[PDB]
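Below is one structure; the comments refer to it alone.
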Amino acid sequence: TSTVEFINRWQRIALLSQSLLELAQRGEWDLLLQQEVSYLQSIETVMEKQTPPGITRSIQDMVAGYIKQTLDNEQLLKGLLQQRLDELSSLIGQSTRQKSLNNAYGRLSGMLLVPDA
Amino acid sequence: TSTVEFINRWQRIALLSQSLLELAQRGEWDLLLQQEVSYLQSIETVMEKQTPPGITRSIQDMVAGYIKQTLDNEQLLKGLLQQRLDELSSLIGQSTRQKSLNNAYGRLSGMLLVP
């Protein structure tokens, strides 16, 4: 029926959300980055679908729970992401030795008393 | 030997640096974080270092060659790492401010001047 199809569609997204939560909980960002484009294109498709006629409050609740499940992994993800963004952004900063080095290079580069033999 | 250790150190930095770059190209950032402190540690311990009495333009040129070598290795590393941050943010999404501010910046750079 169109009602199980409705439910199932959202069961499908609920899964993918939980899918990426892992692609990050474990460490696969190279992957996760690829599968997000889809997960998004997926949430999008299921939204321009036509909600069946005979929807009952019971069903409405079932689907909503899935969406909640989804929104909940979506917040865990965002957290882990901001966390990885954090420690990485931490690396660039400490190392503005570019000046220490550009200084260490420029200095040596401009010596005038340097003999040769 | 106080002249040799001088060269040998920068050789070593240039080496460690090539190392770290390569690791990033692979995306092995977990190891970068690890080796980082030790790297910044050494690279600093080297500038704290004193420059010898008998540098010849050869030792000069040579060492410069390394310093400029490690200097570009990092330049490249910074770019990969900045790109990770870039696509990583792309995912998390921008805050309300972040947008109102970024837009301002582009509107400025993407501005043609004429007085």
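Quick mapping for you: the protein sequence lines, in order, are chains A and B. Converting from the first sequence to the UniProt record's numbering requires adding 1 to each position, the first position being numbered 1. Converting from the second sequence to the UniProt record's numbering requires adding 1 to each position, the first position being numbered 1. Beta carbons: idealized from backbone N, C-alpha and C, even for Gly.
- For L86(A) and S90(B), the gap between their C-alpha atoms comes out near 7 Å.
- A contact between stretches requires three or more CB pairs, one per stretch, nearer than 8 Å, and the stretch 7-20 of chain B meets this requirement with the stretch 54-71 of chain B.
- Cβ-Cβ distances below 8 Å link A25(A) to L33, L78, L81, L82, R85 in the same chain, with the five nearest sequence neighbours on each side left out; the list follows chain order.
- Shown here for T97(A): not one same chain residue has a beta carbon closer than 8 Å to its own, the five before and five after excluded.
- Straight across, the Cα-Cα distance linking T2(A) with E88(A) is about 49 Å.
- For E29(B), there is no enclosing alpha helix (DSSP H), as DSSP marks it with neither H nor E.
- In this structure, DSSP gives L89(B) a helical state, which the three-state scheme calls helix.
- Taken through DSSP and simplified to helix, strand or coil, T46(A) comes out as helix.
- The beta carbon of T4(A) is closer than 7 Å to those of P53, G55, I56, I60 in its chain, skipping five residues each way along the sequence.
- Contact annotation: in the stretch 61-95 of chain B, residues whose CB is within less than 8 Å of a CB in chain A are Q61, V64, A65, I68, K69, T71, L72, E75, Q76, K79, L82, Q83, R85, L86, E88, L89, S90, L92, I93, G94.
- Rounded to the nearest whole angstrom, the CA to CA distance from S43(A) to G28(B) is 28 Å.
- In terms of beta-carbon proximity, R58(B) lines the interface with chain A, with at least one pair separated by less than 9 Å.
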